[PDB]
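Student: Just passing along the structure, written as structure tokens.
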Amino acid sequence: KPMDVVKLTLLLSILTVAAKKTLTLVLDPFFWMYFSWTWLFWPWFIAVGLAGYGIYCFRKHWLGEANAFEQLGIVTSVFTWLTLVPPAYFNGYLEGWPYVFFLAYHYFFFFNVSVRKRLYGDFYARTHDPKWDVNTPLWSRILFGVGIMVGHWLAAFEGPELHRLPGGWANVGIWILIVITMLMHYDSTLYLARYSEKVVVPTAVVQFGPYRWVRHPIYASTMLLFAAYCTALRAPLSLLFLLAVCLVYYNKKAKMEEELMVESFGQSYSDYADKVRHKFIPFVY
Amino acid sequence: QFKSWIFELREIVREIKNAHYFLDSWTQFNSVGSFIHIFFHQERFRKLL
Amino acid sequence: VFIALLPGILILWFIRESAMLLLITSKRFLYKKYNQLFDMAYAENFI
């Protein structure tokens with residue numbers, strides 16, 4: 001047909017002019033020189049494009065067709081802009097804490113994923129009772145998230161300049177505190193998951209390990225790694241604001257979950273709570 | 001008859017994903033690989049402590 | 001100097017391991033072939 005010839009000639013002409021533009025751009029000296037001028041600003045471009053890729057994958061996951069790679073990508077983007085970026089912009093350079101705590105977050109997110117591949121067939125959601133999962137109004141969730149970021153960025157900014165923090169024997173505290181929070185979180189998750197049949201359907205009351213020191217050790221361990229990042233950069237006020245916002249939201253969510261298991265288990269969780277009152281901090285809260 | 005050579009080759013391959021006995025370099029390779037495997041797994045990391 | 005000296009050692013190690021694998025595979029193949037040739041003749045009758 002002649003129309004095929006006409007459209008092929010049109011495509012050839014468009015390809016010819018596009019390749020002419022491409023060839024005169026490739027051999028252009030000023031284009032390459034300005035390319036090298038904008039080569040100066042490379043680490044901030046990946047840090048911002050990962051935000052776009054993350055929000056795209058996050059909208060897809062909100063729709064519900066996200067592969068596990070996109071979910072871990074959202075996790076990685078959050079961990080990069082919460083533990084790699086705050087001292088990459090407010091100091092201009094990374095050395096010391098940010099890489100360690102960025103990998104520490106990736107290490108700390110990976111127990112509910114690791115345990116639920118080991119003591120399961122896969123990550124496939126088992127059919128369960130709809131009132132078992134704790135749900136909270138979305139404005140409260142985003143308020144908690146915003147407060148957490150405000151605390152972390154405030155620790156980054158109020159904290160001093162990067163390479164001036166000391167070393168030697170003063171950097172053993174973050175080591176032991178991080179070991180403690182990982183150990184206590186792992187114990188809490190293991191003791192919570194070794195009894196439940198489904199994803200969150202407990203059968204008996206857990207009163208072993210950190211549960212005999214505190215009523216909510218998972219939340220307090222997340223709290224303690226928050227404090228660990230904030231203490232690695234030696235900023236008390238942002239630690240206090242982080243403590244305030246996490247106390248508010250975690251206490252709200254702990255109150256709903258506590259009244260749920262009080263209603264569901266009867267006297268058992270009541271005597272468990274009488275044995276250990278302190279909800280978040282040992283003999284402080 | 002060339003299939004017998006491949007049979008012996010991949011049977012030796014099967015044997016070297018075991019610890020019957022062989023040269024020392026491969027044993028050191030498997031030992032450092034097993035150390036890496038133990039170290040990377042967190043549920044295998046905690047039981048070391 | 002360490003990363004400079006590494007690749008020669010590594011490529012020679014791969015050469016050694018490949019030669020070892022080829023020699024051992026050929027040894028097993030010739031052993032079974034010679035035993036099978038002997039066993040057509042001296043063992044139970046054969047097919």
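A quick note on method: Cβ atoms are made from the backbone with ideal geometry, for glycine too, and the neighbour counts reach across all protein chains shown. Since every read-out is calculated from the coordinates, none of them should be taken as a lab result.
Student: Amide H to amide H, which residues 5 or more places from A:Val199 or on other chains are under 5 Å from it, using H placed in the peptide plane?
Tutor: Close amide H contacts, sequence-distant or interchain: A:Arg126.
Student: Something else about it: Please list, in order along segment C:13-19, the HN-Hα scalar couplings obtained from phi with the Karplus expression 6.51 cos²θ - 1.76 cosθ + 1.60 (θ = phi - 60°), rounded to whole Hz, x for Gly and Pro.
Tutor: Once θ is set to phi - 60°, the couplings for segment C:13-19 become 5, 5, 4, 5, 5, 5, 5 Hz.
Student: Mind listing which chymotrypsin sites (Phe, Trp or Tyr not before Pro) in chain C are in a DSSP loop and have 14 or fewer other Cβ atoms within 10 Å?
Tutor: Hits after loop and neighbour filter: C:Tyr42, C:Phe46.
Student: Any chance you could give the angle, 0 to 90 degrees and rounded to 10, that helix B:2-15 forms with the longest Cα principal axis of chain B?
Tutor: The angle comes out near 20 degrees.
Student: Quick one: grab the alpha carbon gyration tensor of chain B, order the square roots of its eigenvalues as a ≥ b ≥ c, and give me rounded if a/c is under 1.5, else prolate or oblate depending on whether a/b is larger than b/c.
Tutor: Values: a/c = 4.45, a/b = 2.70, b/c = 1.64.
Here chain B falls in the prolate category.
Student: Compute the helix-to-body angle for A:29-38: its Cα long axis versus the longest principal axis of chain A, expressed 0 to 90° and rounded to tens.
Tutor: 10
Student: To continue, here is another question. Starting from segment A:222-285, pick out the trypsin sites (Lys or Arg not before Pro) whose DSSP state is loop and whose Cβ has at most 11 other Cβ atoms within 10 Å.
Tutor: Loop-located and lightly packed - A:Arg277.
Student: Divide by every residue of the protein assembly as shown the summed helix terms, -39500 (n - 2.57) for each DSSP H run of at least 4, and state the resulting mean residue ellipticity at 222 nm, rounded to the nearest 500 deg cm²/dmol.
Tutor: The helix contribution divided over the protein assembly as shown gives -23500 deg cm²/dmol.
Student: What are the chymotrypsin sites (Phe, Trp or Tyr not before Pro) within chain B that DSSP puts in a loop, where the Cβ has at most 10 other Cβ atoms within 10 Å?
Tutor: B:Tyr21
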